[PDB]
*Asks:* 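There's a structure below that I have some questions on.
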Amino acid sequence: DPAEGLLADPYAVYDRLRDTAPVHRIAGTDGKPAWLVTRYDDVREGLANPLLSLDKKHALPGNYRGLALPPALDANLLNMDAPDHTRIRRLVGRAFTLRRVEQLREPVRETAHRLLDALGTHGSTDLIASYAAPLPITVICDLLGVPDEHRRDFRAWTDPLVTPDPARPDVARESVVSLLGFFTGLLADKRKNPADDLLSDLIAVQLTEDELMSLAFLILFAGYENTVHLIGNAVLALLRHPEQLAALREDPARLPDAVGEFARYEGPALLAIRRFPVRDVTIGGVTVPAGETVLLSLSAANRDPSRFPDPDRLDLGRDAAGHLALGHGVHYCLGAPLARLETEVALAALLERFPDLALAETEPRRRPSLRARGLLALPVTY
Ligand code: HEM
């Protein structure tokens, strides 16, 4: 198999695959067959190809499992095509305009500074547990309007569902149940007494109840793991590239423009959401049968030397315009401006506060995954 070693060395396998097998039939972790696509042109076109459906009603009967969810949560943007997708995305997109997100800038900054306050002046931390993880989940709580007194429960429910322990799935199942009950109650509360928050705004245009519920769940889960690991991956990348770290420490005004190249170089999503051809589709010379499972590799596309010369180099001078880390076409990340704001703010606050930031260890601690590029821990000194 040209894809041997994919779990251990994704980027090395992608280099082999683009040259030898750029649309390659693999076995996924559950052993169901899927098509892995590694070339930039094929991934970009695929993301925008309306014949590649996100709706699993288009999946070959018997061919696709995925995850186990109450059917209210099937009404979600990343299991949906036009016109349904077009309708819901328009309503919620109001929330994430460059200006509505920009107003969160001071509160995001306040949250990040309160997390670093807990580190003191010198010592050691796991930056994932102390900084990269809590920041995005606080921001999501503030955006949705999760009352402060519920946040300890909310965090305890959310953690287990971010990479569910595949040997002990009971905690992850009781987490989904708990959040459904929680969100049902919170929506009722806001319906009876509107507050200044996203869920109160979504209730107003109420959007079926299932659709509201699906937006609460998808904004939570799309908004959490990816943001944690864009931040974490960017810190590791900086601490591994001293000349780049120096460039940013010196001229912090460059951070916003550098976010693009962090995402191209070490974005958190190796793979897009699975897609299903609505009929037989040719992708880079390979006819993929209708209803089969297509995995477009965003990371493989972003490291394609035919689009990004010297792809394995972190270059804050690079034109990273056209990277696919936040997707492309009608499902382009709803959170993109808030993803950008959180990364800018987190990195600027950390660099300003900890001028002696260094890695504690010779080696990163990578989470083994076909779909996620992320760290189990990021031990640093300061
Ligand atoms: C506050 C943070 C975030 C929120 C609330 C958020 C929310 C969402 C939502 C709702 C979608 C689905 C849009 C649709 O189907 O119409 C989406 C898509 C996506 N997001 Fe985000 N996101 C965030 C951060 C990130 C980050 C940091 C990354 C990666 C760097 C990312 C990568 C993606 C990708 C690749 C897609 C498209 C998936 C596909 O087409 O298969 N997101 N996001």
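Atoms within a ligand are numbered from 1 in the order they appear, just like the ligands themselves. One-based numbering along the sequence shown.
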*Asks:* At less than 4.0 angstrom from any non-hydrogen atom of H85, what atoms of ligand 1 do you find?
*Replies:* 14 (C), 15 (O), 16 (O)

*Asks:* Using 0.5 Å steps for rounding, measure from the OH atom of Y64 to the NE2 atom of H58.
*Replies:* 14.0 Å

*Asks:* Would you call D251-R254 a salt bridge at under 4.0 Å N-O?
*Replies:* no

*Asks:* Between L298 and ligand 1, which residue portion shows a heavy-atom distance shorter than 4.0 Å: side chain, backbone, both, or neither?
*Replies:* side chain

*Asks:* Can you figure out which of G46, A336, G223 has its heavy atom closest to atom 3 (C) of ligand 1?
*Replies:* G223

*Asks:* Mark up the atoms of ligand 1 that fall under 4.0 Å of a heavy atom belonging to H331, in ascending order.
*Replies:* 13 (C), 14 (C), 15 (O), 16 (O), 18 (C), 37 (C), 40 (O)

*Asks:* What is the closest protein heavy atom to atom 9 (C) of ligand 1, and at what distance does it sit?
*Replies:* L334 CB, 3.7 Å

*Asks:* Quick test of your reading of the model: are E45 and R39 salt-bridged, counting only N-O distances below 4.0 Å?
*Replies:* no

*Asks:* Counting heavy atoms only, name the option from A325, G327, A95 that's nearest to atom 32 (C) of ligand 1.
*Replies:* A325

*Asks:* Starting from atom 26 (C) of ligand 1, find the nearest protein heavy-atom neighbour and note its residue, name and distance.
*Replies:* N226 CB, 3.5 Å

*Asks:* Check whether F262 and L326 end up in the same hydrophobic cluster, where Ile, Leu, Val, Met, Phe, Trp and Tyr are linked by side-chain heavy atoms less than 4.5 Å apart.
*Replies:* no

*Asks:* Check this for me - ligand 1, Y332, N or O atoms closer than 3.5 angstrom, yes or no?
*Replies:* no

*Asks:* Among all protein heavy atoms, pick the one closest to atom 13 (C) of ligand 1 and tell me residue, atom and distance.
*Replies:* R89 NH1, 3.3 Å

*Asks:* State whether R87 and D84 are salt-bridged, where the test is any N-O pair (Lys NZ or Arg NE/NH1/NH2 against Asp/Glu carboxylate O) under 4.0 Å.
*Replies:* yes

*Asks:* Go through it in stages, so that I can follow the logic: the residues are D170 and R173, the test is salt bridge (charged side-chain N to carboxylate O under 4.0 Å, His left out), and I'd like the CA-CA distance, side-chain angles, deciding distance and then a yes or no.
*Replies:* CA-CA 5 Å; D170 291 275; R173 197 224 320 128; 2.3 Å; yes

*Asks:* What's in the same ILVMFWY side-chain cluster as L295, cut-off under 4.5 Å, chained through other members?
*Replies:* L6, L7, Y11, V13, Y14, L17, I26, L36, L270, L271, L370

*Asks:* By number and element, which atoms of ligand 1 are closer than 4.0 Å to a non-hydrogen atom of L338?
*Replies:* 1 (C)

*Asks:* Can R353 be said to sit on top of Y382's aromatic six-ring, NZ or CZ under 6.0 Å from centre and within 45° of the ring axis?
*Replies:* no

*Asks:* Below 3.5 Å, N or O to N or O, backbone or side chain included: is there any such pair between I273 and ligand 1?
*Replies:* yes

*Asks:* Which heavy atom of the protein is the closest neighbour of atom 2 (C) of ligand 1, given with residue, atom name and distance?
*Replies:* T227 OG1, 3.4 Å

*Asks:* Starting from atom 42 (N) of ligand 1, what is the nearest protein heavy atom, named by residue and atom, and what distance separates them?
*Replies:* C333 SG, 3.1 Å

*Asks:* State the atoms of ligand 1, each with its element, that fall below the 4.0 Å cut-off from a heavy-atom position in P268.
*Replies:* 29 (C), 30 (C)

*Asks:* Using side-chain heavy atoms (C-beta onward) and a distance below 4.5 Å, is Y332 in contact with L47?
*Replies:* no

*Asks:* Please list, in number order, the atoms of ligand 1 under 4.0 Å from a heavy atom of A339.
*Replies:* 24 (C), 27 (C)

*Asks:* Any idea which protein heavy atom is nearest atom 41 (O) of ligand 1, and the distance to it?
*Replies:* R275 NH1, 2.7 Å

*Asks:* Mark up the atoms of ligand 1 that fall under 4.0 Å of a heavy atom belonging to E342, in ascending order.
*Replies:* 1 (C)

*Asks:* Counting non-hydrogen protein atoms only, what is the nearest one to atom 38 (C) of ligand 1? Give residue, atom name and distance.
*Replies:* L78 CD2, 4.0 Å

*Asks:* Considering only heavy atoms, does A272 approach ligand 1 within less than 4.0 Å through its side chain, its backbone, both, or neither?
*Replies:* both

*Asks:* Starting from atom 8 (C) of ligand 1, find the nearest protein heavy-atom neighbour and note its residue, name and distance.
*Replies:* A222 CB, 3.5 Å

*Asks:* Looking at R275 and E292, is there a salt bridge between them, counting it only when a charged N and a carboxylate O are closer than 4.0 Å?
*Replies:* no

*Asks:* How long is the straight-line distance from OH of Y265 back to CZ of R303, given to the nearest 0.5 Å?
*Replies:* 5.5 Å

*Asks:* Looking at the rings of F154 and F183, which for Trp means the six-membered one, are their centres under 6.0 Å apart?
*Replies:* yes

